[PDB]
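Novice:
Chains as they are written, first to last, in the authors' numbering: chain D, 52 to 101; chain C, 554 to 603.
Shown next as structure tokens:
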């Protein structure tokens with residue numbers, strides 16, 4: 052057997068396993084809420100007499 | 554699998570196999586086969602066997 056192939060295989064396996072165990076999962080999404088800007092009422096026309 | 558006409562032509566002329574290489578080359582090739590199987594065998598036995 053060639054002893055220069057086992058070392059290469061071990062290198063590849065170790066490097067792959069270590070590259071797999073570094074990536075992390077993290078998100079920064081906001082919430083579905085709203086802003087609710089200001090508002091005022093408005094009056095409808097009316098007629099008055101006495 | 555051979556066709557009948559080819560076999561008949563081969564037998565009619567009385568052909569025989571011939572070669573120009575030596576015996577060392579073939580045994581070297583067989584040793585190469587054995588080496589390439591043993592390399593993978595020990596790689597599996599040292600990395601994967603579980």
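Backbone N, C-alpha and C fix where the C-beta goes; we use that ideal spot for every residue, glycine too.
Determine, using beta carbons only, whether residue 600 of chain C and residue 61 of chain D come nearer to each other than 8 Å.
Specialist: yes
Novice: Is the beta carbon of residue 592 of chain C closer than 8 Å to that of residue 81 of chain D?
Specialist: In this structure, residue 81 of chain D sits away from residue 592 of chain C, with a CB-CB distance that is not shorter than 8 Å.
Novice: Less than 8 Å between the beta carbons of residue 63 of chain D and residue 588 of chain C, yes or no?
Specialist: no
Novice: Of all the CB atoms in chain D, is at least one closer than 8 Å to the CB of residue 592 of chain C?
Specialist: yes
Novice: List, in chain order, every chain C residue whose beta-carbon is nearer than 7 Å to that of residue 61 of chain D.
Specialist: 600
Novice: Determine, for residue 53 of chain D, whether the minimum Cβ-Cβ distance to residues of chain C falls below 8 Å.
Specialist: yes
Novice: Does any residue of chain C have a CB that is nearer than 8 Å to the CB of residue 64 of chain D?
Specialist: Using a Cβ-Cβ cut-off of 8 Å, residue 64 of chain D counts as an interface residue toward chain C, since at least one Cβ of chain C sits closer than that to its own.
Novice: If contact means a Cβ-Cβ distance below 8 Å, which residues of the stretch 69-85 of chain D contact chain C?
Specialist: none
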